[PDB]
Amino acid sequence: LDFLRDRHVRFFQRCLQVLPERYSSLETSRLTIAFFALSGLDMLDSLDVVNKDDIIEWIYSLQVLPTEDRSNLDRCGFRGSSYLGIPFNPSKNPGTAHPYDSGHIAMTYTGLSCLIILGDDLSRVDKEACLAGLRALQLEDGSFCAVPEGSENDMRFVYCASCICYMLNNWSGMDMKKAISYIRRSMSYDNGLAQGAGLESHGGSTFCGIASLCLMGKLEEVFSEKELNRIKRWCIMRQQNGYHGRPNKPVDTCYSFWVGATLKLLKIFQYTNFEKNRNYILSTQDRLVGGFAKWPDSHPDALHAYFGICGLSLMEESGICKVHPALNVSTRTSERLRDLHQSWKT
């Protein structure tokens, strides 16, 4: 069918407004929901329908700044939301101590990403504090945890770290050698990339791995041509019509981006079947409320709405900006970032 663009713009708008208590389990990840909506509007070139300034202040109120004594550097970054009860402070005053207030790697990533998308120049971001916090999260094996207090560790956070370093245009935030080691060790016998060594290769972790390497600009340097060919084969094999995340698993709209973007980074997305992919993605479009779901005749959400749109973007949908396959922002925004970096370099 057709792409109900305006319907989707309204959808993202509502997401930025209010959510039903039914989404209470996203409380600590609200910033990533904001990202899906904002980057989603960006991708549809409709950022005008929101107040960039209000949102920017909200985002900055989520930054965990170093305290007077700077004894909390290892815990700086961004919060997913205000769930801890810390008094609203748009990175105006110094950090107010709190036994359990720390950043979350995925929130620092989506936070910075949102700020860039909204046009902010990151001047109020304590770049050094964030990088300090990032370093603190990396493990001996090269992977990362989400929070200093401890958490599971896997490829998801490796990608987050990469995005943070890339956006702050400073890789002192990680031990790139160890990170690359982790990424290599995650390659499976079937040639896909898993969440970690020995685990089942997966579309999500493969994207995270490849995209991270691309962000570091070491794809070719880390994997041999033979290796890259095997990886490409594994990825291209994910297309059934839409894309699934693992062999013998049903397709899911979001993989049109996870895998699609990987194929794009590997320069072979062009050899995939566009029509069947586009057709599937659209079959999951909610023509009534807007957005997309993982499967057809299923309820839509911010994640699939965003990734379904980015999936369409990969094939240059009429009416959708080109998404930067490795940074997960519109090319337009990836560019504004290039300019931003130049600015600093003076």
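Residue positions are given as counts along the sequence shown, with the first one as 1.
The mean Cα B-factor in the deposited entry runs higher for 122-130 than for the other of 122-130 and 143-151.
Here the stretch with the larger average CA B-factor, out of 184-192 and 70-78, is 70-78. The residue among 110, 206, 96, 256 whose C-alpha atom has the highest B-factor in the PDB entry is 96. By the numbers in the PDB entry, the CA B factor is greatest at 49 among 33, 305, 49, 282. Ranked by C-alpha B-factor against the other modelled residues of its chain, residue 39 falls in the lowest third. Remark: residue 157 belongs to the lowest third of its chain, ranked by C-alpha B-factor as recorded. For residue 309, the recorded CA B-factor ranks within the lowest third of the chain. Only modelled residues enter the ranking.
For residue 242, the recorded CA B-factor ranks within the middle third of the chain. Only modelled residues enter the ranking. Ranked by C-alpha B-factor against the other modelled residues of its chain, residue 267 falls in the middle third.
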